[PDB]
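Student:
Numbering (PDB author numbering), first residue to last: 1 to 80.
#1: Alpha carbons only, please: which of 51, 11, 67, 12 is nearest the one belonging to residue 35?
#2: Taking only the alpha-carbon atoms, compute the straight-line gap between residue 63 and residue 74 and give it to the nearest angstrom.
#3: Verify whether the separation of the beta carbon atoms of residue 40 and residue 57 is less than 7 Å.
#4: Do residue 43 and residue 28 come within 7 Å of each other at the CB atom, strictly closer than that value?
#5: Which residue marks the beginning of the alpha helix (DSSP H) containing residue 58, and which one marks its end?
#6: When the Cα of residue 25 is compared with those of 69, 52, 14, 80, which residue comes out closest?
#7: Here's a check: name, in chain order, each residue in its chain whose Cβ is nearer than 6 Å to the Cβ of residue 60, leaving out the five neighbours to either side.
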């Protein structure tokens, strides 16, 4: 079981590393915010291509759905 062993230690995190990296769900969710995409058919597609590389999943996504250039048209900018 779990039990009340150990008192606040950093011995139950170092594991997360990698172990987490290997999690499709975690990936999609990752590319979900990164690119902000929601569709899974798009998130997965990126992953599939990347072959398991977020950077590639983002690059592929980024090199597909980006903001339009400073052309003559409406849009509506934003700032703080």
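Backbone N, C-alpha and C fix where the C-beta goes; we use that ideal spot for every residue, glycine too.
Tutor: Taking the structure as given:
#1: Selected option, being the one with the closest Cα: 67.
#2: If I take the Cα positions, the gap works out to 22 Å.
#3: Cβ distance not < 7 Å, so residue 40 and residue 57 don't count as in contact.
#4: With contacts defined as CB atoms closer than 7 Å, residue 28 and residue 43 qualify as a contacting pair.
#5: Looking at the DSSP string, the run of the alpha helix (DSSP H) that includes residue 58 is 54-62.
#6: Distance from the Cα of residue 25 is smallest, within the candidate group 69, 52, 14, 80, for 52.
#7: Same-chain partners within the cutoff: 46, 49.
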